[PDB]
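Novice: Below you'll find model37.cif; it's mmCIF, C-alpha atoms and all ligand atoms.
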data_final
#
loop_
_atom_site.label_atom_id
_atom_site.label_comp_id
_atom_site.auth_asym_id
_atom_site.auth_seq_id
_atom_site.Cartn_x
_atom_site.Cartn_y
_atom_site.Cartn_z
CA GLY A 1 0.00 0.00 0.00
CA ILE A 2 0.98 3.62 0.61
CA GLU A 3 3.76 2.65 3.07
CA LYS A 4 5.96 2.23 -0.04
CA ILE A 5 5.57 5.94 -0.84
CA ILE A 6 5.45 7.30 2.70
CA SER A 7 7.64 5.56 5.26
CA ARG A 8 7.33 5.79 9.02
CA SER A 9 10.41 8.03 9.15
CA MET A 10 9.00 10.37 6.50
CA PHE A 11 5.60 10.59 8.26
CA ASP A 12 7.42 11.32 11.52
CA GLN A 13 9.54 14.04 9.87
CA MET A 14 6.39 15.62 8.43
CA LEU A 15 4.37 15.39 11.64
CA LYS A 16 7.40 16.30 13.78
CA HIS A 17 5.38 17.66 16.70
CA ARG A 18 2.30 15.46 16.90
CA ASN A 19 3.88 13.73 19.93
CA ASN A 20 5.04 16.97 21.54
CA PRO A 21 3.74 17.04 25.15
CA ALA A 22 2.45 20.54 24.30
CA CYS A 23 -0.06 19.13 21.78
CA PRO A 24 -3.50 18.06 23.09
CA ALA A 25 -3.63 15.12 20.67
CA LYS A 26 -0.24 13.71 21.73
CA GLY A 27 -0.07 9.95 21.11
CA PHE A 28 -3.37 9.77 19.22
CA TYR A 29 -2.36 10.12 15.58
CA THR A 30 -0.10 7.21 14.71
CA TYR A 31 1.55 6.07 11.49
CA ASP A 32 0.11 2.60 12.14
CA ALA A 33 -3.43 4.04 12.35
CA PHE A 34 -2.88 6.05 9.16
CA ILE A 35 -1.67 2.97 7.23
CA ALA A 36 -4.43 0.77 8.70
CA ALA A 37 -7.10 3.30 7.76
CA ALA A 38 -5.74 3.67 4.21
CA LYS A 39 -6.26 -0.05 3.62
CA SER A 40 -10.01 0.67 3.62
CA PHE A 41 -9.49 3.17 0.78
CA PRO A 42 -7.10 1.22 -1.43
CA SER A 43 -6.99 3.69 -4.37
CA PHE A 44 -5.79 6.54 -2.11
CA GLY A 45 -2.10 7.10 -2.86
CA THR A 46 -2.01 4.21 -5.36
CA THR A 47 -3.61 6.01 -8.33
CA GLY A 48 -1.52 7.28 -11.22
CA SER A 49 2.22 7.83 -11.55
CA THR A 50 4.54 7.83 -8.53
CA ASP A 51 4.69 11.63 -8.89
CA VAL A 52 0.88 11.80 -8.62
CA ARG A 53 0.74 9.39 -5.66
CA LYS A 54 3.32 11.43 -3.76
CA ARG A 55 1.39 14.64 -4.52
CA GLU A 56 -1.84 13.03 -3.31
CA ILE A 57 -0.25 12.01 -0.01
CA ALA A 58 1.29 15.49 0.37
CA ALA A 59 -2.08 17.10 -0.42
CA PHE A 60 -4.00 14.94 2.05
CA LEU A 61 -1.41 15.41 4.81
CA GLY A 62 -1.19 19.14 3.97
CA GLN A 63 -4.91 19.79 4.32
CA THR A 64 -5.38 17.61 7.38
CA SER A 65 -2.28 19.25 8.93
CA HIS A 66 -3.89 22.64 8.55
CA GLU A 67 -7.16 21.36 10.02
CA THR A 68 -5.32 20.14 13.11
CA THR A 69 -2.46 22.65 13.31
CA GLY A 70 -0.88 23.93 16.52
CA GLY A 71 1.43 26.16 14.48
CA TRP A 72 2.31 29.78 15.04
CA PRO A 73 4.57 31.89 12.84
CA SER A 74 7.65 31.67 15.10
CA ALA A 75 7.16 28.02 16.11
CA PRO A 76 10.19 25.71 16.28
CA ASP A 77 10.72 24.04 12.86
CA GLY A 78 8.31 26.59 11.34
CA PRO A 79 4.49 26.73 11.43
CA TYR A 80 4.31 23.90 8.85
CA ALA A 81 5.83 21.38 11.25
CA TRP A 82 2.92 21.58 13.73
CA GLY A 83 0.26 19.55 11.97
CA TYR A 84 -1.80 16.97 13.87
CA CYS A 85 -1.54 18.85 17.17
CA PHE A 86 -5.31 18.96 17.83
CA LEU A 87 -8.10 16.39 17.76
CA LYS A 88 -11.22 18.52 18.42
CA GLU A 89 -12.26 21.87 16.97
CA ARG A 90 -11.12 24.70 19.23
CA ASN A 91 -13.91 26.95 20.50
CA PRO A 92 -16.71 25.84 18.12
CA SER A 93 -19.48 28.47 17.71
CA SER A 94 -22.33 26.01 17.10
CA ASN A 95 -23.37 22.37 17.20
CA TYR A 96 -23.03 22.21 13.37
CA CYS A 97 -26.58 20.98 12.93
CA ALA A 98 -28.34 21.55 9.61
CA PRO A 99 -31.72 20.30 8.31
CA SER A 100 -31.33 16.83 6.78
CA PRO A 101 -34.16 14.38 6.03
CA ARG A 102 -31.64 11.50 5.68
CA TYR A 103 -29.19 12.44 8.45
CA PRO A 104 -31.07 14.37 11.11
CA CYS A 105 -29.16 15.76 14.07
CA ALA A 106 -29.22 13.43 17.04
CA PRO A 107 -30.59 15.29 20.10
CA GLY A 108 -27.83 16.38 22.48
CA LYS A 109 -25.00 15.78 20.00
CA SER A 110 -22.61 18.24 18.35
CA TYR A 111 -20.97 17.93 14.94
CA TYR A 112 -17.99 20.23 15.41
CA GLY A 113 -14.67 19.31 13.81
CA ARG A 114 -13.05 16.05 14.85
CA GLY A 115 -10.07 14.07 13.55
CA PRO A 116 -7.58 14.84 10.78
CA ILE A 117 -10.05 16.52 8.38
CA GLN A 118 -12.04 18.13 11.19
CA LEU A 119 -15.18 16.43 9.87
CA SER A 120 -18.09 18.78 10.52
CA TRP A 121 -21.91 18.79 10.21
CA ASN A 122 -24.57 16.08 10.66
CA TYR A 123 -24.75 15.74 6.88
CA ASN A 124 -21.11 14.58 6.77
CA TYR A 125 -21.12 12.47 9.94
CA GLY A 126 -24.24 10.66 8.73
CA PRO A 127 -23.07 9.25 5.37
CA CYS A 128 -19.52 8.79 6.67
CA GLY A 129 -20.79 6.56 9.50
CA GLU A 130 -22.87 4.62 6.96
CA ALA A 131 -19.79 4.04 4.78
CA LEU A 132 -17.66 3.07 7.79
CA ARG A 133 -20.42 0.93 9.36
CA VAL A 134 -20.30 2.88 12.67
CA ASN A 135 -22.94 5.18 14.19
CA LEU A 136 -21.19 8.52 13.74
CA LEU A 137 -24.46 10.45 13.52
CA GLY A 138 -25.53 9.14 16.94
CA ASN A 139 -22.02 9.05 18.45
CA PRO A 140 -19.94 11.70 16.70
CA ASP A 141 -17.39 11.60 19.56
CA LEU A 142 -16.20 8.26 18.11
CA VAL A 143 -14.18 10.27 15.57
CA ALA A 144 -12.16 11.68 18.50
CA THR A 145 -11.96 8.35 20.38
CA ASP A 146 -10.65 5.61 18.07
CA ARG A 147 -7.54 6.46 16.04
CA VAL A 148 -8.28 4.20 13.05
CA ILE A 149 -11.88 5.46 12.80
CA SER A 150 -10.49 9.00 13.07
CA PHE A 151 -8.21 8.53 10.04
CA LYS A 152 -10.94 6.68 8.17
CA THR A 153 -13.30 9.71 8.44
CA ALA A 154 -10.61 11.90 6.85
CA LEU A 155 -9.96 9.43 4.04
CA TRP A 156 -13.72 8.99 3.55
CA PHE A 157 -14.10 12.72 3.13
CA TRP A 158 -11.13 12.92 0.76
CA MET A 159 -12.36 10.03 -1.42
CA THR A 160 -16.07 10.86 -1.59
CA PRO A 161 -17.66 13.09 -4.24
CA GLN A 162 -20.56 15.23 -3.02
CA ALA A 163 -22.14 16.88 -6.06
CA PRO A 164 -21.46 19.50 -7.23
CA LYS A 165 -18.08 18.87 -5.55
CA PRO A 166 -15.78 16.20 -7.00
CA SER A 167 -13.70 14.15 -4.58
CA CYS A 168 -10.40 15.67 -3.47
CA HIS A 169 -8.96 12.37 -4.72
CA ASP A 170 -10.19 12.89 -8.28
CA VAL A 171 -8.91 16.47 -8.35
CA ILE A 172 -5.37 15.66 -7.20
CA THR A 173 -5.03 12.56 -9.43
CA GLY A 174 -6.13 14.47 -12.55
CA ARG A 175 -9.35 12.48 -13.04
CA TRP A 176 -11.59 15.49 -12.45
CA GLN A 177 -12.24 17.80 -15.39
CA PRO A 178 -13.78 21.19 -14.52
CA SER A 179 -17.28 22.02 -15.82
CA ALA A 180 -18.11 25.25 -17.67
CA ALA A 181 -19.31 26.69 -14.35
CA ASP A 182 -15.99 25.70 -12.76
CA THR A 183 -13.84 27.29 -15.47
CA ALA A 184 -15.94 30.47 -15.31
CA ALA A 185 -15.51 30.60 -11.51
CA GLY A 186 -11.78 29.84 -11.66
CA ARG A 187 -12.15 26.43 -10.01
CA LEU A 188 -9.24 24.85 -11.89
CA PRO A 189 -7.38 21.61 -11.11
CA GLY A 190 -5.02 22.03 -8.17
CA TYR A 191 -4.74 22.36 -4.42
CA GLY A 192 -6.94 25.51 -4.32
CA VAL A 193 -10.00 23.54 -5.51
CA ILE A 194 -9.28 21.01 -2.74
CA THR A 195 -9.39 23.80 -0.14
CA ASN A 196 -12.65 24.86 -1.78
CA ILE A 197 -14.14 21.34 -1.37
CA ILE A 198 -13.04 21.19 2.27
CA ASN A 199 -14.07 24.66 3.51
CA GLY A 200 -14.67 26.94 0.52
CA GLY A 201 -17.85 28.60 1.77
CA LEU A 202 -15.80 30.20 4.52
CA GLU A 203 -12.34 30.49 2.96
CA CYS A 204 -12.63 30.91 -0.82
CA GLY A 205 -13.44 33.68 -3.29
CA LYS A 206 -12.81 36.49 -0.79
CA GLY A 207 -9.18 37.30 -1.63
CA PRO A 208 -6.08 36.57 0.51
CA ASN A 209 -6.85 34.54 3.61
CA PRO A 210 -4.38 33.23 6.26
CA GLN A 211 -6.15 29.85 6.56
CA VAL A 212 -5.80 29.24 2.84
CA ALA A 213 -2.11 30.31 3.03
CA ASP A 214 -1.52 27.92 5.94
CA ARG A 215 -2.95 25.02 3.91
CA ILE A 216 -0.54 25.92 1.11
CA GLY A 217 2.48 26.11 3.44
CA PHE A 218 1.98 22.53 4.67
CA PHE A 219 1.47 21.28 1.12
CA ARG A 220 4.69 22.99 -0.03
CA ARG A 221 6.69 21.54 2.87
CA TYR A 222 5.38 18.02 2.25
CA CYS A 223 5.92 18.19 -1.54
CA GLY A 224 9.49 19.33 -0.80
CA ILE A 225 10.04 16.34 1.50
CA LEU A 226 8.50 13.92 -1.03
CA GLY A 227 10.43 15.50 -3.91
CA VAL A 228 7.50 16.56 -6.11
CA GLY A 229 6.13 19.79 -7.59
CA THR A 230 3.00 21.21 -5.99
CA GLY A 231 1.42 22.15 -9.30
CA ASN A 232 -0.30 25.51 -9.73
CA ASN A 233 -3.71 26.91 -8.74
CA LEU A 234 -2.73 26.55 -5.09
CA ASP A 235 -5.08 29.15 -3.59
CA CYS A 236 -8.82 29.71 -3.93
CA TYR A 237 -8.72 33.49 -3.30
CA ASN A 238 -10.55 34.14 -6.58
CA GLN A 239 -12.64 30.95 -6.78
CA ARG A 240 -16.37 31.10 -6.18
CA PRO A 241 -17.18 28.49 -3.52
CA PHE A 242 -18.69 25.26 -4.85
CA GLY A 243 -22.47 24.84 -4.55
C1 LIG A 301 -8.42 22.28 15.84
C2 LIG A 301 -9.14 23.38 15.12
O1 LIG A 301 -9.76 24.24 15.77
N1 LIG A 301 -9.04 23.38 13.79
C3 LIG A 301 -9.77 24.35 13.00
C4 LIG A 301 -10.64 23.60 12.00
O2 LIG A 301 -11.68 22.94 12.71
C5 LIG A 301 -11.16 24.55 10.93
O3 LIG A 301 -11.92 23.78 10.02
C6 LIG A 301 -9.97 25.22 10.20
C7 LIG A 301 -10.43 26.26 9.19
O4 LIG A 301 -9.37 26.90 8.50
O5 LIG A 301 -9.01 25.85 11.06
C8 LIG A 301 -8.89 25.51 12.45
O6 LIG A 301 -7.52 25.37 12.76
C1 LIG A 302 6.71 25.94 3.10
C2 LIG A 302 7.99 25.18 2.84
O1 LIG A 302 8.44 24.43 3.71
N1 LIG A 302 8.56 25.39 1.65
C3 LIG A 302 9.78 24.71 1.24
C4 LIG A 302 10.89 25.67 0.79
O2 LIG A 302 11.30 26.48 1.88
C5 LIG A 302 12.09 24.89 0.24
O3 LIG A 302 13.04 25.79 -0.29
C6 LIG A 302 11.64 23.89 -0.83
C7 LIG A 302 12.80 23.03 -1.32
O4 LIG A 302 13.35 22.30 -0.24
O5 LIG A 302 10.63 23.04 -0.30
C8 LIG A 302 9.46 23.73 0.11
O6 LIG A 302 8.91 24.45 -0.97
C1 LIG A 303 -14.32 18.51 6.42
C2 LIG A 303 -15.71 19.06 6.49
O1 LIG A 303 -16.55 18.52 7.22
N1 LIG A 303 -15.95 20.14 5.73
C3 LIG A 303 -17.23 20.82 5.73
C4 LIG A 303 -17.79 20.87 4.30
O2 LIG A 303 -18.11 19.57 3.83
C5 LIG A 303 -19.02 21.78 4.22
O3 LIG A 303 -19.36 21.95 2.85
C6 LIG A 303 -18.74 23.13 4.88
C7 LIG A 303 -19.95 24.06 4.89
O4 LIG A 303 -19.55 25.35 5.28
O5 LIG A 303 -18.34 22.91 6.21
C8 LIG A 303 -17.10 22.23 6.31
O6 LIG A 303 -16.78 22.12 7.68
#
Once more with this new file: its structure as structure tokens, please.
Specialist:
Amino acid sequence: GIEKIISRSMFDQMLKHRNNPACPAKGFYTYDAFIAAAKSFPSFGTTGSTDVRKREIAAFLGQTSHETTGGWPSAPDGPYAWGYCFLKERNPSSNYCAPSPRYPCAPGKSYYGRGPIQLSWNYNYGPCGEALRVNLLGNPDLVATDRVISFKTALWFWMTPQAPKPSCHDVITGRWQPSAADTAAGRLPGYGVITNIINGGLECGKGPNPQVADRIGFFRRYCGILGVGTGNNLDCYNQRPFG
């Protein structure tokens, strides 16, 4: 599997501070859990040329690193060495509950960000739990409790199209071709579109944004380590958010 492209030592170099005693998630995010989880999504990091596979791994780790970052500008090893520091969304402003016939909010539960992709909203927890055969809609805390399930939610999100959004996977592997609406809106293949899929409503199409820049910094660092180009279209500053 992906262990051939990303070794334990490389993962540890990338996520240099995940086991820092200063990080709330210390000990939770393990290479073994990452590899185990990836087995359930066998085309992740095994699609296309070696160059593409490395870029996919860098893109996934880059985005998830931003979602979980403990970085600050003057941090040791730079802000892009502080991925995977957090497990739960810091200071959430709501329970992330939206109307959903299929995946209604479970009374008393909250769908704030958890795990590497900071999975949010009942309408993500619902179908993710269905795919993973666990009750994430009724027990969203599971994403912050079992390390393999945690990684699986992130990979699920990455691998799953949700129209009109393609999967992050299909974008980074070059399988996704933009529609006429996409090319008009400047949603072109690259890391920027991936940011848009993940959190574009809040981060994209509004000009320069430090969260978008942070996502790019991790991706650049990881592509450097893996020895691949990042490609272009890295930001979504001028991209209309997806529908
Ligand atoms: C641990 C934490 O609070 N992570 C959040 C994440 O939930 C949010 O989606 C992201 C947006 O850019 O930035 C934050 O760092
Ligand atoms: C954000 C980040 O770490 N960028 C680095 C850059 O500093 C370095 O010169 C290059 C080659 O090693 O790799 C990455 O682009
Ligand atoms: C990783 C994740 O859950 N991302 C969601 C995204 O699916 C949703 O479209 C958006 C709405 O603003 O909220 C983000 O938190």
Novice: Would you mind telling me which residue in A:124, A:68, A:195, A:150 lies nearest to ligand LIG 301 (chain A) when using all atoms listed in the file?
Specialist: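 Nearest candidate to ligand LIG 301 (chain A) out of A:124, A:68, A:195, A:150: A:68.
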Novice: Dump the neighbourhood of ligand LIG 302 (chain A) as a VMD selection string: all residues within 10 Å, distances computed on all atoms listed in the file.
Specialist: chain A and resid 77 to 81 213 to 230
Novice: Determine, counting all atoms listed in the file, which protein, DNA and RNA residues have an atom within 9 Å of an atom of residue A:203; residues of the same chain fewer than 4 positions away are not included. Present the result as a short mmCIF file (atom, residue, chain, number, x, y, z; two decimals) with C-alpha atoms, in the frame of the given file.
Specialist:
data_model
loop_
_atom_site.label_atom_id
_atom_site.label_comp_id
_atom_site.auth_asym_id
_atom_site.auth_seq_id
_atom_site.Cartn_x
_atom_site.Cartn_y
_atom_site.Cartn_z
CA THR A 195 -9.39 23.80 -0.14
CA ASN A 196 -12.65 24.86 -1.78
CA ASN A 199 -14.07 24.66 3.51
CA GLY A 207 -9.18 37.30 -1.63
CA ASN A 209 -6.85 34.54 3.61
CA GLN A 211 -6.15 29.85 6.56
CA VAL A 212 -5.80 29.24 2.84
CA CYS A 236 -8.82 29.71 -3.93
CA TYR A 237 -8.72 33.49 -3.30
CA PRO A 241 -17.18 28.49 -3.52
#
Novice: Can you tell me, as AutoDock Vina command-line options, the centre and edge lengths (Å, one decimal) of the axis-aligned box enclosing all of stretch 121-126 of chain A's listed atoms after padding each side by 5 Å?
Specialist:
--center_x -22.9 --center_y 14.7 --center_z 8.7 --size_x 13.6 --size_y 18.1 --size_z 13.9
Novice: For stretch 7-21 of chain A, please output as a list in words all residues within 6 Å (counting only C-alpha atoms; exclusion window: fewer than 5 positions along the same chain).
Specialist: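 With the cut-off at 6 Å, the set is residues 26, 27, 81, 82, 83, 84 and 85 of chain A.
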Novice: Would you save the residues of that selection, restricted to C-alpha atoms, as a compact mmCIF listing (two decimals), in the coordinates of the input?
Specialist:
# COMPACT_ATOMS: atom_id res chain seq x y z
CA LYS A 26 -0.24 13.71 21.73
CA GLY A 27 -0.07 9.95 21.11
CA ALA A 81 5.83 21.38 11.25
CA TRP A 82 2.92 21.58 13.73
CA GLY A 83 0.26 19.55 11.97
CA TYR A 84 -1.80 16.97 13.87
CA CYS A 85 -1.54 18.85 17.17
Novice: Report the distance between atom CA of residue A:170 and atom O6 of ligand LIG 301 (chain A) in Å, rounded to one decimal place.
Specialist: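 One can read the atom CA of residue A:170 to atom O6 of ligand LIG 301 (chain A) distance as 24.6 Å.
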Novice: Counting all atoms listed in the file, which of A:93, A:153, A:145, A:40 gets nearest to residue A:64?
Specialist: A:153
Novice: Please, what distance in Å, to one decimal, runs between atom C5 of ligand LIG 303 (chain A) and atom CA of residue A:99?
Specialist: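 Computing it gives 13.4 Å between the two atoms.
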Novice: May I ask which of the residues A:129, A:70, A:116, A:104 is the closest one to residue A:22, counting only C-alpha atoms?
Specialist: A:70
Novice: Using only C-alpha atoms, which of A:172, A:98, A:132, A:163 sits nearest residue A:233?
Specialist: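 The shortest atom-to-atom distance to residue A:233 comes from A:172.
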Novice: Show me which residues line ligand LIG 303 (chain A), defined as having an atom within 6 Å of a ligand atom where all atoms listed in the file count, and present them as an MDAnalysis selection string.
Specialist: chainID A and resid 117:120 198:199 201
Novice: Restrict the selected residues to C-alpha atoms and save them as an mmCIF file, in the coordinates of the input.
Specialist:
data_model
loop_
_atom_site.group_PDB
_atom_site.id
_atom_site.type_symbol
_atom_site.label_atom_id
_atom_site.label_comp_id
_atom_site.auth_asym_id
_atom_site.auth_seq_id
_atom_site.Cartn_x
_atom_site.Cartn_y
_atom_site.Cartn_z
ATOM 1 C CA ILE A 117 -10.050 16.520 8.380
ATOM 2 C CA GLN A 118 -12.040 18.130 11.190
ATOM 3 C CA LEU A 119 -15.180 16.430 9.870
ATOM 4 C CA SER A 120 -18.090 18.780 10.520
ATOM 5 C CA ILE A 198 -13.040 21.190 2.270
ATOM 6 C CA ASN A 199 -14.070 24.660 3.510
ATOM 7 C CA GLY A 201 -17.850 28.600 1.770
#
Novice: What residues of the protein or nucleic acid chains come within 6 Å of ligand LIG 301 (chain A) when you use only C-alpha atoms and all ligand atoms? Reply as a ChimeraX atom specification.
Specialist: /A:67-69,86,88-90,113,118,211
Novice: Would you pick out the contacts of residue A:165 at 12 Å or less, using all atoms listed in the file, so that residues sharing its chain but fewer than 6 positions from it are not included, and give the list as a JSON list (two decimals) with C-alpha atoms, in the coordinates of the input?
Specialist:
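As written to disk, part09.json reads:
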[["chain", "number", "residue", "atom", "x", "y", "z"],
["A", 157, "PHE", "CA", -14.10, 12.72, 3.13],
["A", 158, "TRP", "CA", -11.13, 12.92, 0.76],
["A", 159, "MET", "CA", -12.36, 10.03, -1.42],
["A", 171, "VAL", "CA", -8.91, 16.47, -8.35],
["A", 176, "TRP", "CA", -11.59, 15.49, -12.45],
["A", 177, "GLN", "CA", -12.24, 17.80, -15.39],
["A", 178, "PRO", "CA", -13.78, 21.19, -14.52],
["A", 179, "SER", "CA", -17.28, 22.02, -15.82],
["A", 181, "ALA", "CA", -19.31, 26.69, -14.35],
["A", 182, "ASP", "CA", -15.99, 25.70, -12.76],
["A", 187, "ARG", "CA", -12.15, 26.43, -10.01],
["A", 193, "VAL", "CA", -10.00, 23.54, -5.51],
["A", 194, "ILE", "CA", -9.28, 21.01, -2.74],
["A", 195, "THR", "CA", -9.39, 23.80, -0.14],
["A", 196, "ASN", "CA", -12.65, 24.86, -1.78],
["A", 197, "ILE", "CA", -14.14, 21.34, -1.37],
["A", 198, "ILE", "CA", -13.04, 21.19, 2.27],
["A", 199, "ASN", "CA", -14.07, 24.66, 3.51],
["A", 200, "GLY", "CA", -14.67, 26.94, 0.52],
["A", 241, "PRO", "CA", -17.18, 28.49, -3.52],
["A", 242, "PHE", "CA", -18.69, 25.26, -4.85],
["A", 243, "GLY", "CA", -22.47, 24.84, -4.55]]
Novice: Calculated over all atoms listed in the file, which of the candidates A:58, A:136, A:33, A:75 has the smallest distance to residue A:231?
Specialist: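 Nearest to residue A:231: A:58.
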Novice: Which of these residues is nearest to residue A:185, using only C-alpha atoms: A:169, A:152, A:240, A:133?
Specialist: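 Of A:169, A:152, A:240, A:133, the one nearest residue A:185, counting only C-alpha atoms, is A:240.
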Novice: In Å, rounded to a single decimal, give me how far atom CA of residue A:167 is from atom CA of residue A:48.
Specialist: 15.5 Å
Novice: Within 12 Å of residue A:3, counting all atoms listed in the file, which residues qualify if same-chain residues fewer than 5 places away don't, as a short mmCIF file (atom, residue, chain, number, x, y, z; two decimals) with C-alpha atoms, in the coordinates of the input?
Specialist:
data_model
loop_
_atom_site.label_atom_id
_atom_site.label_comp_id
_atom_site.auth_asym_id
_atom_site.auth_seq_id
_atom_site.Cartn_x
_atom_site.Cartn_y
_atom_site.Cartn_z
CA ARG A 8 7.33 5.79 9.02
CA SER A 9 10.41 8.03 9.15
CA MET A 10 9.00 10.37 6.50
CA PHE A 11 5.60 10.59 8.26
CA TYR A 31 1.55 6.07 11.49
CA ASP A 32 0.11 2.60 12.14
CA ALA A 33 -3.43 4.04 12.35
CA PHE A 34 -2.88 6.05 9.16
CA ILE A 35 -1.67 2.97 7.23
CA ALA A 36 -4.43 0.77 8.70
CA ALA A 37 -7.10 3.30 7.76
CA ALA A 38 -5.74 3.67 4.21
CA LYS A 39 -6.26 -0.05 3.62
CA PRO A 42 -7.10 1.22 -1.43
CA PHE A 44 -5.79 6.54 -2.11
CA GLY A 45 -2.10 7.10 -2.86
CA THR A 46 -2.01 4.21 -5.36
CA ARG A 53 0.74 9.39 -5.66
CA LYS A 54 3.32 11.43 -3.76
CA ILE A 57 -0.25 12.01 -0.01
#
Novice: May I have the protein, DNA and RNA residues with any atom at most 10 Å from the point (-24.4, 16.7, 12.8), counting all atoms listed in the file, written as a PDB file with C-alpha atoms, in the coordinates of the input?
Specialist:
ATOM      1  CA  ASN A  95     -23.370  22.370  17.200  1.00  0.00           C
ATOM      2  CA  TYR A  96     -23.030  22.210  13.370  1.00  0.00           C
ATOM      3  CA  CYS A  97     -26.580  20.980  12.930  1.00  0.00           C
ATOM      4  CA  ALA A  98     -28.340  21.550   9.610  1.00  0.00           C
ATOM      5  CA  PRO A  99     -31.720  20.300   8.310  1.00  0.00           C
ATOM      6  CA  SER A 100     -31.330  16.830   6.780  1.00  0.00           C
ATOM      7  CA  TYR A 103     -29.190  12.440   8.450  1.00  0.00           C
ATOM      8  CA  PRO A 104     -31.070  14.370  11.110  1.00  0.00           C
ATOM      9  CA  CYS A 105     -29.160  15.760  14.070  1.00  0.00           C
ATOM     10  CA  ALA A 106     -29.220  13.430  17.040  1.00  0.00           C
ATOM     11  CA  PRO A 107     -30.590  15.290  20.100  1.00  0.00           C
ATOM     12  CA  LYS A 109     -25.000  15.780  20.000  1.00  0.00           C
ATOM     13  CA  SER A 110     -22.610  18.240  18.350  1.00  0.00           C
ATOM     14  CA  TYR A 111     -20.970  17.930  14.940  1.00  0.00           C
ATOM     15  CA  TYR A 112     -17.990  20.230  15.410  1.00  0.00           C
ATOM     16  CA  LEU A 119     -15.180  16.430   9.870  1.00  0.00           C
ATOM     17  CA  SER A 120     -18.090  18.780  10.520  1.00  0.00           C
ATOM     18  CA  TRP A 121     -21.910  18.790  10.210  1.00  0.00           C
ATOM     19  CA  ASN A 122     -24.570  16.080  10.660  1.00  0.00           C
ATOM     20  CA  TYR A 123     -24.750  15.740   6.880  1.00  0.00           C
ATOM     21  CA  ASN A 124     -21.110  14.580   6.770  1.00  0.00           C
ATOM     22  CA  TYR A 125     -21.120  12.470   9.940  1.00  0.00           C
ATOM     23  CA  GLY A 126     -24.240  10.660   8.730  1.00  0.00           C
ATOM     24  CA  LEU A 136     -21.190   8.520  13.740  1.00  0.00           C
ATOM     25  CA  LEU A 137     -24.460  10.450  13.520  1.00  0.00           C
ATOM     26  CA  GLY A 138     -25.530   9.140  16.940  1.00  0.00           C
ATOM     27  CA  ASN A 139     -22.020   9.050  18.450  1.00  0.00           C
ATOM     28  CA  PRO A 140     -19.940  11.700  16.700  1.00  0.00           C
TER      29      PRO A 140
END
